[PDB]
Amino acid sequence: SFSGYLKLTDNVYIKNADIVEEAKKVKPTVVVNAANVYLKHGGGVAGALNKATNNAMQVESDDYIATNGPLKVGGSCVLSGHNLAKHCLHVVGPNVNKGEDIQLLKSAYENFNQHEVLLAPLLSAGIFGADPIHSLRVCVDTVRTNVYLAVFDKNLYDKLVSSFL
């Protein structure tokens with residue numbers, strides 16, 4: 001079970017943690033991946049989660065794309081959690097570095113409402129280029145299910161907690 005989280009709201013929790021290490025410890029029902037529409041898990045959270053699965057996530061993802069085509073920005077799919085979780089919910093937040101509409105971040109977080117409890121990163125943060133303070137705000141204002149946020153960077157975690165309205 002989840003430990004060491006700071007409660008932000010009734011249903012949103014946050015911890016300064018490596019989401020791969022959190023997933024290996026907790027073995028949650030759902031771990032969220034910060035996916036792109038192609039499910040190409042090259043870097044950021046996706047690269048790290050995929051490497052922890054010994055590339056099994058990428059092999060499964062390539063088969064999913066071959067069958068279904070790319071996801072939509074703001075969309076998601078449920079695939080195996082491999083050795084990390086029961087399921088991985090691959091969610092595509094807008095990538096500001098690709099000029100994608102930041103308004104799609106709320107649609108991306110709405111996918112979390114289909115799961116009672118999730119371990120997740122802040123969508124569109126990191127290499128996706130959005131402001132993580134804004135991502136946390138959209139998360140708290142959109143997700144109604146229990147979301148345990150893992151923030152890798154200690155300095156960012158401190159800034160997120162200290163600026164939380």
# chains A, B, ... in the order shown; residues from 1 in each chain; ligands from 1
>>> closest_atom_pairs(of="region 76-142 of chain A", to="region 18-40 of chain A", cutoff="12 Å", atoms="only C-alpha atoms", output="Markdown table")
| residue | atom | partner | partner_atom | distance |
| --- | --- | --- | --- | --- |
| A:76 | CA | A:35 | CA | 8.3 |
| A:77 | CA | A:35 | CA | 9.7 |
| A:78 | CA | A:30 | CA | 9.0 |
| A:79 | CA | A:30 | CA | 9.8 |
| A:80 | CA | A:30 | CA | 9.2 |
| A:81 | CA | A:31 | CA | 6.9 |
| A:82 | CA | A:27 | CA | 9.9 |
| A:83 | CA | A:24 | CA | 7.3 |
| A:84 | CA | A:23 | CA | 5.1 |
| A:85 | CA | A:27 | CA | 4.7 |
| A:86 | CA | A:29 | CA | 4.7 |
| A:87 | CA | A:30 | CA | 4.9 |
| A:88 | CA | A:31 | CA | 4.9 |
| A:89 | CA | A:32 | CA | 4.7 |
| A:90 | CA | A:33 | CA | 4.7 |
| A:91 | CA | A:35 | CA | 5.4 |
| A:92 | CA | A:35 | CA | 5.0 |
| A:93 | CA | A:34 | CA | 7.1 |
| A:94 | CA | A:36 | CA | 8.6 |
| A:95 | CA | A:36 | CA | 8.3 |
| A:98 | CA | A:36 | CA | 11.0 |
| A:100 | CA | A:36 | CA | 11.6 |
| A:105 | CA | A:34 | CA | 11.7 |
| A:108 | CA | A:34 | CA | 10.0 |
| A:109 | CA | A:32 | CA | 10.5 |
| A:111 | CA | A:32 | CA | 10.0 |
| A:112 | CA | A:32 | CA | 8.5 |
| A:113 | CA | A:30 | CA | 11.9 |
| A:114 | CA | A:30 | CA | 10.7 |
| A:115 | CA | A:30 | CA | 7.7 |
| A:116 | CA | A:30 | CA | 9.1 |
| A:117 | CA | A:30 | CA | 7.0 |
| A:118 | CA | A:30 | CA | 5.0 |
| A:119 | CA | A:31 | CA | 4.8 |
| A:120 | CA | A:32 | CA | 4.7 |
| A:121 | CA | A:32 | CA | 6.8 |
| A:122 | CA | A:34 | CA | 8.1 |
| A:123 | CA | A:34 | CA | 6.3 |
| A:124 | CA | A:34 | CA | 7.4 |
| A:125 | CA | A:34 | CA | 8.8 |
| A:126 | CA | A:34 | CA | 9.6 |
| A:127 | CA | A:34 | CA | 9.9 |
| A:128 | CA | A:34 | CA | 8.7 |
>>> closest_residue(among="A:96, A:45, A:133, A:17", to="residue 159 (chain A)", atoms="only C-alpha atoms")
A:133
>>> residues_around(residues="residue 10 (chain A)", least_positions_apart="6", cutoff="10 Å", atoms="only C-alpha atoms", output="PyMOL selection string")
chain A and resi 140+144-146
>>> residues_around(residues="residue 162 (chain A)", least_positions_apart="3", cutoff="12 Å", atoms="only C-alpha atoms", output="PyMOL selection string")
chain A and resi 6+8+133+155-159+165
>>> atom_distance(atom1="CA of residue 134 (chain A)", atom2="CA of residue 12 (chain A)")
14.7 Å
>>> closest_residue(among="A:13, A:52, A:42, A:1", to="residue 148 (chain A)", atoms="only C-alpha atoms")
A:13
>>> select_by_dssp(residues="region 20-51 of chain A", states="helix (DSSP H, G or I)", output="PyMOL selection string")
chain A and resi 20-26+44-51
>>> write_last_selection(atoms="C-alpha atoms", output="compact mmCIF listing (two decimals), in the first residue's frame")
# COMPACT_ATOMS: atom_id res chain seq x y z
CA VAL A 20 9.34 3.04 -11.15
CA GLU A 21 10.55 2.42 -7.59
CA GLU A 22 7.10 3.29 -6.24
CA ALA A 23 5.47 0.85 -8.68
CA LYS A 24 7.92 -1.96 -7.78
CA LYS A 25 7.20 -1.44 -4.06
CA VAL A 26 3.43 -0.90 -4.18
CA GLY A 44 10.94 10.63 -19.45
CA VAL A 45 8.56 8.54 -17.38
CA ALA A 46 7.70 6.30 -20.39
CA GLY A 47 11.34 5.45 -21.09
CA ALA A 48 11.91 4.67 -17.41
CA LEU A 49 8.77 2.49 -16.98
CA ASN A 50 9.56 0.66 -20.23
CA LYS A 51 13.19 0.01 -19.21
>>> atom_distance(atom1="CA of residue 57 (chain A)", atom2="CA of residue 110 (chain A)")
22.9 Å
>>> select_by_dssp(residues="chain A", states="strand (DSSP E or B)", output="JSON, numbers by chain")
{"A": [6, 7, 12, 13, 14, 15, 16, 30, 31, 32, 33, 34, 76, 77, 78, 79, 80, 87, 88, 89, 90, 91, 117, 118, 119, 120, 146, 147, 148, 149, 150, 151]}
